[PDB]
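Beneath this line is the structure, given in structure tokens, with notes to follow.
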There are 2 protein chains.
Amino acid sequence: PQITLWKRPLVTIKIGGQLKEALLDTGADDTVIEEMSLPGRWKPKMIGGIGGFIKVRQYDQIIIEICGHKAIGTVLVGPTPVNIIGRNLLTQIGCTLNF
Amino acid sequence: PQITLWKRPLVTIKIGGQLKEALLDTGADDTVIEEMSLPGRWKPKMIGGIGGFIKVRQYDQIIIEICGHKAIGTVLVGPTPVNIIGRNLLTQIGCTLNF
Ligand SMILES: CC(C)[C@H]1Cc2cc(F)ccc2S(=O)(=O)N(C[C@@H](O)[C@H](Cc2ccccc2)NC(=O)O[C@H]2CCOC2)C1
Ligand SMILES: [Cl-]
Ligand SMILES: [Cl-]
Ligand SMILES: [Cl-]
């Protein structure tokens, strides 16, 4: 699809068999989702944003579908204000910016 | 142009007679720039991001040039860790997400 930016670029994602709303975010290096249960071991990570940082849990090789496009990669879990799909997964789905 | 997302989508902007590097950020509703002088009236605003909120000065009707594309809109000025071009200006240059 071609998504304009007059409203937030919110899409439906599927992770752990559950549908969630998330923001396609070119300004985010990484994908960070609100608290949920994911399988396997996690590693520590810090993410810096506008008003400071949040500590997150890094899960690797997680199956996630974004607007019907299947991806497998790193998902961070933590106290983010919104679910964010960052560049690590936007590249997997072949997303570009165009003007 | 077509901008891939293998690295941060940084571009040169011209604002307030200065050249700055800024991130094309679909996840940002607003444009926020590091401390600089801008002409005209301003009012205070709080903006939230992953790590809480920052206080900024809101300047309206500011002309920016992004990749040879001129636009006008509100620009927020404050202690952002990165200069961000948000949706309010991305729409004006005809920027879309494509996959
Ligand atoms: C509604 C929310 C989404 C947005 C809230 C928001 C709203 C605005 F009107 C302007 C800025 C921002 S924000 O900068 O706080 N941000 C945009 C994100 O794209 C930031 C931009 C940024 C980059 C680097 C340093 C500071 C800010 N990325 C961000 O927080 O990336 C983290 C998240 C995962 O990867 C790293 C989140
Ligand atoms: Cl990844
Ligand atoms: Cl505006
Ligand atoms: Cl349009």
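Computed from heavy atoms alone, side chains included, the values below leave out hydrogens, waters and symmetry copies. Residue numbering restarts at 1 for every chain, and letters A, B, ... go by the order of the sequence lines.
- Within the model, atoms CD1 of A:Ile84 and CD1 of A:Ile13 stand 11.0 Å from one another, a figure rounded to the nearest 0.5 Å.
- Heavy atoms from other residues, nucleotides or ligands lying under 6.0 Å from NZ of B:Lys20 number more than 12.
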key: Intermediate values then yes/no, side-chain contact (heavy atoms from CB on, under 4.5 Å), A:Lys55 and A:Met46   = CA-CA 5 Å; A:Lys55 282 179 107 156; A:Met46 302 286 281; 3.7 Å; yes
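- Rounding to the nearest 0.5 angstrom, the gap separating the CD1 atom in B:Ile63 from the NZ atom in B:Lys14 is 12.5 Å.
- With hydrogens and angles ignored, the 3.5 Å screen pairs no side-chain donor or acceptor of B:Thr31 with any backbone N or O of B:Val75.
- Around CG of A:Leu38, the count of heavy atoms belonging to other residues, nucleotides or ligands within 6.0 Å exceeds 12.
- Between A:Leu90 and A:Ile85, some side-chain heavy-atom pair lies under the 4.5 Å cut-off.
- Note: A:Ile15 CD1 to A:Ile64 CD1 = 4.5 Å, rounded to the nearest 0.5 Å.
- The shortest non-hydrogen separation linking A:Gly73 to A:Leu89 is CA-CD2, 4.1 Å.
- Smallest separation of non-hydrogen atoms from A:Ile50 and B:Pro81: O-CD, 3.8 Å.
- Under the side-chain contact (heavy atoms from CB on, under 4.5 Å) rule, A:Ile47 has a single partner from A:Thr80, A:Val32, A:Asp29, which is A:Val32.
- With hydrophobic clusters built from ILVMFWY side chains whose heavy atoms lie under 4.5 angstrom apart, B:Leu97 shares a cluster with B:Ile66.
- For the residue pair A:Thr12/A:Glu21, the side-chain donor-acceptor check at 3.5 Å is not satisfied.
- Judged as a ring pair (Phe, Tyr, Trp, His ring centres under 6.0 Å), and not counting sequence neighbours, the contacts of A:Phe99 are B:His69.
- A continuous path of hydrophobic side-chain contacts links A:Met36 to A:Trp42 [ILVMFWY only; heavy atoms under 4.5 Å].
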key: Chi angles and distances behind the side-chain contact (heavy atoms from CB on, under 4.5 Å) call for B:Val56, B:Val77   = CA-CA 5 Å; B:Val56 297; B:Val77 178; 5.9 Å; no
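- At a cut-off of 3.5 Å, with distance as the only test, no side-chain donor of B:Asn98 or A:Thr96 sits close to an acceptor on the other residue.
- Summarising the geometry, atom CG belonging to B:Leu76 is positioned 7.5 Å from atom CG belonging to B:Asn88; distances are rounded to the nearest 0.5 Å.
- Formation of a donor-acceptor pair under 3.5 Å by the B:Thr91 side chain with backbone atoms of A:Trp6 is not found in this model.
- Separation of atoms CG (B:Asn83) and CG (B:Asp25) is listed at 11.5 Å; rounding is to 0.5 Å.
- In terms of hydrophobic clustering, with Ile, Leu, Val, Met, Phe, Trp and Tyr side chains grouped at heavy-atom distances under 4.5 Å, B:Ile54 and A:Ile54 are assigned to different clusters.
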task = Start with the C-alpha gap between A:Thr74 and A:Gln58, add the side-chain angles, then the distance that decides, and say whether side-chain contact (heavy atoms from CB on, under 4.5 Å) holds.
result = CA-CA 7 Å; A:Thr74 300; A:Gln58 178 175 330; 3.6 Å; yes
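- Counting heavy-atom neighbours within 6.0 Å of B:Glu35 CD, excluding the residue itself, gives a total above 12.
- Atoms CZ and OG1, from A:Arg87 and B:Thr4 in turn, are 9.5 Å apart once rounded to the nearest 0.5 Å.
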